[PDB]
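Some notes on the structure that comes next.
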Amino acid sequence: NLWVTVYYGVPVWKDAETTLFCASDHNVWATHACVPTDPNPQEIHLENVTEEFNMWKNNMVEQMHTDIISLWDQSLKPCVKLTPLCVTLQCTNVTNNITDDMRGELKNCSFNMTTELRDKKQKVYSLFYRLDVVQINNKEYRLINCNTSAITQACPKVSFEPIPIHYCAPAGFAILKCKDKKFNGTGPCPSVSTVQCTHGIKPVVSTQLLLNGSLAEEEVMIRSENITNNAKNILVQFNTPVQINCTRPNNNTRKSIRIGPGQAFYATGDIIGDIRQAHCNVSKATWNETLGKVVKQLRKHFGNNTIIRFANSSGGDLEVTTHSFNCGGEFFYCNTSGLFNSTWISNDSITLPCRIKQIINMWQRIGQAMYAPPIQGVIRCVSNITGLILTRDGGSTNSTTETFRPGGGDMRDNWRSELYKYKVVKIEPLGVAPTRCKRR
Amino acid sequence: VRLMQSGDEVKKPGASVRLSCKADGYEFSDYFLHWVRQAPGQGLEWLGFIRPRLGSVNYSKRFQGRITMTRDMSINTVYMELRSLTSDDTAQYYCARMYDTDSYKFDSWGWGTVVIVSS
Amino acid sequence: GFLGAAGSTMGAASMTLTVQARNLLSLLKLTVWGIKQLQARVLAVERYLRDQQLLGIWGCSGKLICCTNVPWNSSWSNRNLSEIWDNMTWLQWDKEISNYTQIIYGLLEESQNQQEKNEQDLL
Amino acid sequence: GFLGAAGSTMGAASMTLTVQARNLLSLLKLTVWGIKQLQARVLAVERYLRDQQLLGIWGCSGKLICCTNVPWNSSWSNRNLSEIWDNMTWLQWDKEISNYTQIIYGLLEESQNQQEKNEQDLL
Amino acid sequence: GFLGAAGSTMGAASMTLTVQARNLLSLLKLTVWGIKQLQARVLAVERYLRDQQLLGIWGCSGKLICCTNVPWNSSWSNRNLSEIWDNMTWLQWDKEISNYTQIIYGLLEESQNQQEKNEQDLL
Amino acid sequence: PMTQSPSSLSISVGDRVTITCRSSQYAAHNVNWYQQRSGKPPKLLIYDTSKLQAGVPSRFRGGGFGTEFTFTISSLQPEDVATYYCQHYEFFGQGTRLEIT
Ligand SMILES: *[C@@H]1O[C@H](CO)[C@@H](O[C@@H]2O[C@H](CO)[C@@H](O[C@@H]3O[C@H](CO[C@H]4O[C@H](CO)[C@@H](O)[C@H](O)[C@@H]4O)[C@@H](O)[C@H](O[C@H]4O[C@H](CO)[C@@H](O)[C@H](O)[C@@H]4O[C@H]4O[C@H](CO)[C@@H](O)[C@H](O)[C@@H]4O)[C@@H]3O)[C@H](O)[C@H]2NC(C)=O)[C@H](O)[C@H]1NC(C)=O
Ligand SMILES: *[C@@H]1O[C@H](CO)[C@@H](O[C@@H]2O[C@H](CO)[C@@H](O[C@@H]3O[C@H](CO[C@H]4O[C@H](CO)[C@@H](O)[C@H](O)[C@@H]4O)[C@@H](O)[C@H](O[C@H]4O[C@H](CO)[C@@H](O)[C@H](O)[C@@H]4O)[C@@H]3O)[C@H](O)[C@H]2NC(C)=O)[C@H](O)[C@H]1NC(C)=O
Ligand SMILES: *[C@@H]1O[C@H](CO)[C@@H](O[C@@H]2O[C@H](CO)[C@@H](O[C@@H]3O[C@H](CO[C@H]4O[C@H](CO)[C@@H](O)[C@H](O)[C@@H]4O)[C@@H](O)[C@H](O)[C@@H]3O)[C@H](O)[C@H]2NC(C)=O)[C@H](O)[C@H]1NC(C)=O
Ligand SMILES: *[C@@H]1O[C@H](CO)[C@@H](O[C@@H]2O[C@H](CO)[C@@H](O[C@@H]3O[C@H](CO)[C@@H](O)[C@H](O)[C@@H]3O)[C@H](O)[C@H]2NC(C)=O)[C@H](O)[C@H]1NC(C)=O
Ligand SMILES: *[C@@H]1O[C@H](CO)[C@@H](O[C@@H]2O[C@H](CO)[C@@H](O)[C@H](O)[C@H]2NC(C)=O)[C@H](O)[C@H]1NC(C)=O
Ligand SMILES: *[C@@H]1O[C@H](CO)[C@@H](O[C@@H]2O[C@H](CO)[C@@H](O)[C@H](O)[C@H]2NC(C)=O)[C@H](O)[C@H]1NC(C)=O
Ligand SMILES: *[C@@H]1O[C@H](CO)[C@@H](O[C@@H]2O[C@H](CO)[C@@H](O)[C@H](O)[C@H]2NC(C)=O)[C@H](O)[C@H]1NC(C)=O
Ligand SMILES: *[C@@H]1O[C@H](CO)[C@@H](O[C@@H]2O[C@H](CO)[C@@H](O)[C@H](O)[C@H]2NC(C)=O)[C@H](O)[C@H]1NC(C)=O
Ligand SMILES: *[C@@H]1O[C@H](CO)[C@@H](O[C@@H]2O[C@H](CO)[C@@H](O)[C@H](O)[C@H]2NC(C)=O)[C@H](O)[C@H]1NC(C)=O
Ligand SMILES: *[C@@H]1O[C@H](CO)[C@@H](O[C@@H]2O[C@H](CO)[C@@H](O)[C@H](O)[C@H]2NC(C)=O)[C@H](O)[C@H]1NC(C)=O
Ligand SMILES: *[C@@H]1O[C@H](CO)[C@@H](O)[C@H](O)[C@H]1NC(C)=O
Ligand SMILES: *[C@@H]1O[C@H](CO)[C@@H](O)[C@H](O)[C@H]1NC(C)=O
Ligand SMILES: *[C@@H]1O[C@H](CO)[C@@H](O)[C@H](O)[C@H]1NC(C)=O
Ligand SMILES: *[C@@H]1O[C@H](CO)[C@@H](O)[C@H](O)[C@H]1NC(C)=O
């Protein structure tokens, strides 16, 4: 004899999709609104379990992308719209104490603004980077995003420093983390562990170099949905970090302008001191060692005796051609041609000249710009280049060389390097099984 | 989904030809655009692709350096410029739209633009 | 702890259920995170309520392990009990019964109603 | 199916209850339809919980048909059982008793508590 | 009525529980008051569900007064039963046992699971 | 790269045809087949070697998973005279020309 028997609480899960809330231990990302995470995180190791993970078909990355976009929009909503700034500027070239690397990069633009009184004007000057002004045909210039989008001043109290956030699944759901240290990103994972929250992912915004990310453990990892495919970005995760030192040597002064009742526009006053180009430093020996390690783990998919070449970005906007990031409140676009200028066959610091943009078209959305307010003083930054976003050049000629060039732009690839090991599953605690019992 | 190309062109050797490709009927941000050239009486050959979203490009190793692809979202066009033209570049150039990044799926093709390079 | 016996044997996994049964349920501002938290709370509440309603329809409310009077058609599974409860876990068991589960539930509720009516006849 | 026995006899309607008992419970964007759906979900959850709480207070949780020890005053209804359960359905039954419900409920819970206390005295 | 026996003796307070047990659970516009009402409803629902889940894990669902098979270590409280149930109310009782609750709860659930398994062995 | 064979073949109307697509690297199922009419832009028929693009009649079918792929059209028709192209990612293949016997 044998009959059904129902068990409640059995460890059975199915892959599913749900809303993952935030837990943390002002800011653009509402860290304060997040629930307080437990001081001692709980993680249960699972024995003799195999689950098929897929970093590229993951859904948590899409939710994180939507969440970051929503947080950006909700932080830029209650602050100053700069529509009066879209006016004909009369600009010259700044030449007082400028080096050879910044010849004409900054413009001294004088223009008329509305004052707090509606019927009175105001002739006020400011300093605009060459990338934020386009000529109209001293000369006449206008802000670059005045014929495509409306600018909203990044409102000076909010901070852009990425505070780590933990993505916690609701009750009735769990998150399987793939603890396998040789997990390439797509396939079965012998070592699965159940958790409730993620490991404090930093919403770092960068394009060519993954900054302040989570490192691998065993060796440098090469992840791609299809290495053979050339339309798929190759994520590279370093086992040891490469320190990058970022700096904006200019000593900027912020100047407040009354463009209306209560509304204030923060312009760049005269730079006190010497004007020097913003730049990045990366250890040459460390970078060469890391590139060699990457090539060593990159020849596996292409075989031995192949030539691995790193060249700079092949084209596109300033976001994809240059390593773009944000720190100290300022947005840097660094020409990483020195980094990827190498060929590999089977104390010195590389200096990357960076440019600064204030009219920021974040999240590649045409119709919503953002003016980053000037940051007082001199900005210095120290970051970890945790990973790379490479792209393989297509075609196949007689030569067997492969050229990998930095990519990016799509922040989904940036946030997929932190949610690769994580998967969200829905528990099914009801289960039927045979047993020899009956109700009396 | 319609991809209208540009007009048949004749260039002298050593000059640069800029073809265009206007795309309409679909959101010009989600689908990558490839340029596939075909010599007379020869098989299809891939030149390179461009992502209209941010202008990211990827050129074939055979045409690298001689080719440059740009996009213009306002007029909704993708342009491809070929430099240092030589005799064997006489071909018909098509602009295809890839549906999914995996399983390259050139759904819609342009009418084609024959570039004739001759003296 | 939670889901610790996922790879454990069917009998051993059935032995411990409370540790993964408690964790099935555990000002408001309409920011990005607040609405997500509200959705998470409502989703957890409704999922727990659906599971408890399914348990209570079959006359098994408040019982982690509950027997039933319905028969088991051999088409559902011909595998012997020893190998089922000694060389196999719950995951693949759900995998190789999933499509059948949907009918068994119906039988369940029917039996309960009949049993309940029988009780009202006997008592 | 659902509410199929609405016009059926009292006994026949009482025989089938699960089919209309399962259907009592079964990202977020604050649009018009999103807020309407959230209100609908919360309303369904709270109504089911209220009904189950009323059932469990009377010591009838998990039982579709549950008996009670409280008396029935003839003023509530003098109609005979045969005609009640053979020539009339649940709707008009609810119409003629809707104004004696509250007191009945009170009696119910009181008995349960008494019974529970008696059990704690006996065991 | 509600919470009327708060200062009453432990036994008398235990005698009446339904009156303060019913009141544990009982269009949408996204205004200042609407969001507060929605939060209040969700909070009440989830608190009631958590309490009922804790009751049902210990095999006491549907019972206001439920006994258990686990022992009581004298370190928790050495006070005699007569003074506990005759010269003292529930509040100060909660204050002096609030720090031993969690372990007790665990013991509770363990027994239930053990107890459950035993019937599956016996039945 | 592809080694699509043969270069051309003469086939009577209604006859079954086969087009091998012997590849040189692991292509899995990411191989598509294009039909280019004489002069007209190439048109896609089969993607992923099994699925059929909407608007294409069901006589076309594909097969193969490894380094070998097959293309069949079952009942040939007068409007099926064209060139057929393999396509794995960037690389296309030497075309197959259909000629009515
Ligand atoms: C990868 O991770 C690293 C490390 O986590 C990170 O580097 C850090 O970047 C942040 C960027 O916000 C740096 O934080 C700033 O640090 C400067 C300098 O701090 C030193 O010096 C001050 C005294 O000058 C000391 O008190 C301090 O302890 C340090 O020793 C600060 O000046 C900045 O403060 C301003 O910003 C804060 C956040 O907005 C405000 O809370 C603060 O009040 C300041 O703003 C106000 O004052 C300004 C001056 O009066 C005024 O102009 C403003 O308008 C406003 O009113 C800030 O704390 C941090 O130091 C970096 N740490 C290191 C070790 O380098 C990388 O950036 C990151 N990489 C990424 C994200 O790509
Ligand atoms: C990746 O790395 C490569 C090199 O490895 C870079 O290629 C260089 O790009 C810069 C972009 O500014 C080029 O600089 C410009 O060169 C123009 C001359 O171009 C002619 O000559 C080249 C060969 O030398 C031909 O290929 C080309 O078709 C033209 O016939 C100048 O006219 C430009 O001058 C402008 O800027 C200077 C800056 O000081 C001003 O003084 C001038 O007044 C004027 O405004 C400019 O100098 C450079 O020539 C490229 N090198 C090569 C070898 O091609 C890529 O740019 C780089 N990519 C990224 C994304 O970093
Ligand atoms: C990341 O790790 C993954 C798991 O290890 C890798 O997937 C495996 O990759 C190898 C080599 O690329 C493939 O080996 C080939 O297998 C085919 C036969 O295919 C078999 O698998 C398919 C899956 O759909 C199945 O349908 C078939 O019937 C076969 O059973 C052989 O013919 C080849 O010669 C070659 O050995 C694996 O098939 C593949 N497995 C899976 C599940 O994808 C993945 O490639 C890794 N990615 C990177 C970038 O390194
Ligand atoms: C908003 O204004 C900007 C700046 O005026 C517009 O961008 C500019 O668009 C014109 C075309 O209308 C581009 O001209 C082209 O230049 C290339 C060489 O770069 C040349 O080969 C072409 O023949 C053509 O003349 C111009 O380059 C471009 N400027 C920049 C910096 O990209 C933009 O189109 C406007 N937005 C609209 C109209 O929606
Ligand atoms: C940018 O241009 C403005 C023009 O107003 C400069 O500011 C004035 O410079 C003159 C120089 O003779 C001074 O006499 C004035 O006192 C300055 N202020 C005003 C309000 O006129 C400013 O120095 C320039 N900044 C540069 C070149 O970096
Ligand atoms: C601010 O507004 C004033 C007045 O509209 C501008 O001055 C005029 O400039 C034009 C162009 O050369 C002259 O024809 C007028 O005679 C000027 N009027 C006066 C009263 O000066 C001034 O140029 C504007 N500011 C800027 C920076 O353009
Ligand atoms: C850059 O990377 C280094 C190396 O991982 C980080 O420093 C380590 O942080 C871990 C945190 O788990 C500590 O356990 C190590 O002791 C640290 N090592 C040293 C030498 O400090 C560093 O924090 C990273 N920097 C940033 C900004 O993330
Ligand atoms: C990054 O590297 C550059 C060059 O290697 C450093 O620039 C030096 O800075 C010191 C201090 O101001 C000067 O005395 C040297 O003359 C500079 N060298 C050159 C070649 O310009 C710079 O200090 C390094 N660090 C940062 C944060 O930029
Ligand atoms: C980047 O800057 C850091 C400091 O922020 C440098 O590290 C320090 O270098 C000094 C000078 O050699 C040492 O005395 C400190 O002990 C170092 N501290 C740490 C934590 O490393 C680092 O050398 C710089 N690197 C580059 C490439 O510029
Ligand atoms: C990025 O940096 C590289 C340096 O590695 C720049 O290349 C030089 O550009 C200047 C400017 O025209 C030329 O005079 C040099 O001949 C170039 N040298 C090399 C080795 O390429 C490149 O222009 C920079 N890209 C920018 C600033 O967009
Ligand atoms: C001003 O700088 C620009 C570069 O931004 C340059 O083209 C122009 O010739 C300069 N004008 C001068 C120096 O008068
Ligand atoms: C490539 O060379 C490495 C040693 O550098 C070796 O371990 C590996 O097996 C080789 N791969 C081949 C021959 O496919
Ligand atoms: C920038 O200027 C301010 C004011 O003159 C000064 O206090 C500060 O030290 C300067 N920072 C530098 C030179 O890095
Ligand atoms: C491409 O990746 C997908 C998903 O990982 C896989 O199914 C397919 O076999 C891969 N194809 C190749 C050629 O690597």
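Does B:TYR79 qualify as being farther than 28 Å from F:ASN30 by Cβ and hydroxyl-bearing (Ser, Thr, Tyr)?
Answer is yes for this residue.
Among the residues of segment E:12-35, is any under 30 Å from D:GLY34 (Cα atoms) and away from chain D (no Cβ under 14 Å)?
Yes.
For segment A:12-48, which positions are assigned to a loop (DSSP other than H, G, I, E, B), at the interface with chain C (Cβ under 10 Å from one of its Cβ atoms) and out of contact with any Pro (no Cβ under 8 Å at 6 or more places or on another chain)?
If the condition is that a residue be assigned to a loop (DSSP other than H, G, I, E, B), at the interface with chain C (Cβ under 10 Å from one of its Cβ atoms) and out of contact with any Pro (no Cβ under 8 Å at 6 or more places or on another chain), then A:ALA30, A:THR31, A:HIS32, A:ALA33, A:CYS34, A:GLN42, A:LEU46, A:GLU47, A:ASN48 are the ones that fit.
Restricting to segment F:63-101, and then to whatever is assigned to a strand (DSSP E or B) and away from chain B (no Cβ under 14 Å), can you tell me which residue is surrounded by the fewest Cβ atoms within 10 Å (Cβ to Cβ)? Give the steps one after another, and end with the answer.
The initial filter retains those residues of segment F:63-101 that are assigned to a strand (DSSP E or B), namely F:63, F:70-72, F:83-88, F:91-92, F:96-100.
Now restrict to residues that are away from chain B (no Cβ under 14 Å): F:63, F:70-72, F:98-100.
Numbers: F:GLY63: 14, F:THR70: 13, F:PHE71: 25, F:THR72: 14, F:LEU98: 19, F:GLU99: 9, F:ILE100: 11.
Result: F:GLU99.
Take the conditions farther than 30 Å from A:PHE302 by Cβ, among the hydroxyl-bearing types (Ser, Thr, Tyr), assigned to a loop (DSSP other than H, G, I, E, B) and within 14 Å of chain B (Cβ to nearest Cβ) and apply them to F:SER58. Does it pass?
In short, no.
From the list A:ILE427, A:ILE385, A:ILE360, A:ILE345, which residue is more than 16 Å from ligand 2 (Cβ to nearest atom), more than 13 Å from every other protein chain (Cβ to nearest Cβ) and over 24 Å from the mean Cα position of the chain (by Cα)?
It is A:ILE345.
Condition first: assigned to a loop (DSSP other than H, G, I, E, B) and within 29 Å of F:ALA54 (Cβ to Cβ). Now tell me which residues in segment B:7-46 satisfy that. Show your work before the answer.
Of segment B:7-46, the ones assigned to a loop (DSSP other than H, G, I, E, B) are B:7-8, B:12-16, B:25-31, B:39-43.
The answer is B:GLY25, B:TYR26, B:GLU27, B:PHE28, B:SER29, B:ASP30, B:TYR31, B:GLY43.
Have a look at A:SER75, A:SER70, A:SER110 and point out the one that is within 14 Å of another protein chain (Cβ to nearest Cβ) and either within 16 Å of ligand 11 (Cβ to nearest atom) or under 30 Å from A:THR186 (Cα atoms) (or both).
None of the others qualify; the one that does is A:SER70.
Here is a yes/no grid of residues against (1) away from ligand 12 (no atom under 16 Å from the Cβ); (2) in a strand (DSSP E or B); (3) out of contact with any strand residue (DSSP E or B) (no Cβ under 6 Å at 6 or more places or on another chain); (4) aromatic (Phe, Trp, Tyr):
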| residue | (1), (2), (3), (4) |
| --- | --- |
| A:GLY104 | yes, no, no, no |
| A:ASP119 | yes, no, yes, no |
| A:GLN122 | yes, yes, no, no |
| A:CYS155 | yes, no, yes, no |
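Could you check segment B:62-89 and list, in sequence order, the residues that are at the interface with another protein chain (Cβ under 10 Å from one of its Cβ atoms) and of a type in the set (D, E, K, R)?
If the condition is that a residue be at the interface with another protein chain (Cβ under 10 Å from one of its Cβ atoms) and of a type in the set (D, E, K, R), then B:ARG62, B:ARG71 are the ones that fit.
For segment A:93-105, state whether one or more residues are charged (D, E, K, R) and either more than 16 Å from ligand 11 (Cβ to nearest atom) or touching a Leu at 6+ places or on another chain (Cβ under 9 Å) (or both).
Among the residues of segment A:93-105, at least one is charged (D, E, K, R) and either more than 16 Å from ligand 11 (Cβ to nearest atom) or touching a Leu at 6+ places or on another chain (Cβ under 9 Å) (or both), which makes the answer yes.
Under 30 Å from C:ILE84 (Cβ atoms) and away from chain B (no Cβ under 14 Å): does that describe A:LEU339?
Values: under 30 Å from C:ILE84 (Cβ atoms): no; away from chain B (no Cβ under 14 Å): yes.
Here the answer is no, as A:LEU339 does not meet what is asked.
If you go through segment A:360-386, how many residues are part of a strand (DSSP E or B), within 16 Å of ligand 13 (Cβ to nearest atom) and buried (at least 19 other Cβ atoms within 10 Å of the Cβ)?
Qualifying residue count, segment A:360-386: 1.
Name the residue, out of A:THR18, A:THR37, A:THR31, A:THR66, that is within 28 Å of C:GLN92 (Cα to Cα) and among the β-branched types (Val, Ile, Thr).
Values: A:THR37 fails: within 28 Å of C:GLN92 (Cα to Cα); A:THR31 fails: within 28 Å of C:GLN92 (Cα to Cα); A:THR66 fails: within 28 Å of C:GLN92 (Cα to Cα).
From the options A:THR18, A:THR37, A:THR31, A:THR66, the qualifying one is A:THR18.
Of the conditions (1) over 30 Å from B:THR101 (Cβ atoms); (2) surrounded by 16 or more Cβ atoms within 10 Å (Cβ to Cβ), A:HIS65 fails just one. Which one is it?
The number of the failed condition is (1).
Can you pull out every residue in segment A:332-348 that is within 22 Å of A:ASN281 (Cα to Cα) and either surrounded by 15 or more Cβ atoms within 10 Å (Cβ to Cβ) or in contact with a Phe, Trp or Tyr (Cβ under 9 Å, 6 or more places away or on another chain) (or both)?
If the condition is that a residue be within 22 Å of A:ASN281 (Cα to Cα) and either surrounded by 15 or more Cβ atoms within 10 Å (Cβ to Cβ) or in contact with a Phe, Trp or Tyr (Cβ under 9 Å, 6 or more places away or on another chain) (or both), then A:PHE332, A:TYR333, A:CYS334, A:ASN335, A:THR336, A:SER337, A:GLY338, A:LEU339, A:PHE340, A:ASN341, A:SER342, A:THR343 are the ones that fit.
Could you please find all residues in segment F:24-53 being farther than 19 Å from B:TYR94 by Cβ, touching a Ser or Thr at 6+ places or on another chain (Cβ under 8 Å), within 14 Å of chain B (Cβ to nearest Cβ) and not aliphatic (A, V, I, L, M)?
F:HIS29, F:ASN30, F:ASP48
Please specify each residue of segment A:352-402 satisfying the condition of being of a type in the set (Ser, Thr, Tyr) and within 23 Å of A:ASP413 (Cα to Cα). Walk me through it before giving the result.
Pass one, segment A:352-402, residues of a type in the set (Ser, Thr, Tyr): A:371, A:383, A:386, A:391, A:396-397, A:399-401.
Listed by number, the residues that qualify are A:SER383, A:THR386, A:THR391.
Condition (residue is part of a loop (DSSP other than H, G, I, E, B) and either within 17 Å of F:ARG16 (Cα to Cα) or of a type in the set (D, E, K, R) (or both)) applied to segment F:38-48: is it met by at least one residue?
yes
Could you tell me which numbered condition E:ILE103 fails, if it satisfies all but one of (1) farther than 30 Å from C:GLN53 by Cβ; (2) exposed (fewer than 11 other Cβ atoms within 10 Å of the Cβ)?
Every condition holds for E:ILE103 apart from (2).
Failed condition for A:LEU85, given (1) within 16 Å of ligand 6 (Cβ to nearest atom); (2) closer than 30 Å to C:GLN20 by Cα, with all others met?
(2)
Being more than 16 Å from ligand 12 (Cβ to nearest atom), within 14 Å of chain B (Cβ to nearest Cβ) and assigned to a strand (DSSP E or B) is the filter here; which residues of segment A:305-316 pass it?
Result: A:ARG309, single match.
Filtering segment A:162-204 down to residues that are over 22 Å from the mean Cα position of the chain (by Cα) and polar (S, T, N, Q), which residue is nearest to A:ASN226 (Cα to Cα)?
Ranking the candidates gives A:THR186 first.
Considering only segment D:17-66, state which residues are surrounded by fewer than 17 Cβ atoms within 10 Å (Cβ to Cβ), hydrophobic (A, V, I, L, M, F, W, C) and under 26 Å from A:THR19 (Cβ atoms).
If the condition is that a residue be surrounded by fewer than 17 Cβ atoms within 10 Å (Cβ to Cβ), hydrophobic (A, V, I, L, M, F, W, C) and under 26 Å from A:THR19 (Cβ atoms), then D:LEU24, D:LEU27, D:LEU30, D:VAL32, D:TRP33, D:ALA40, D:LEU43, D:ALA44 are the ones that fit.
Considering only segment B:80-101, state which residues are in a loop (DSSP other than H, G, I, E, B) and small (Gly, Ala, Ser).
Matches in segment B:80-101: B:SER84 only.
Mind checking which residues of segment D:23-59 are part of a helix (DSSP H, G or I) and touching a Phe, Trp or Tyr at 6+ places or on another chain (Cβ under 9 Å)?
D:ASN23, D:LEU24, D:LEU49, D:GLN53, D:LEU54, D:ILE57
For neighbour counting, all protein chains shown are included, and Cβ atoms are generated from backbone atoms with ideal geometry for every residue, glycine included. Read-outs throughout are calculated quantities, based only on the coordinates presented, and are distinct from any laboratory measurement.
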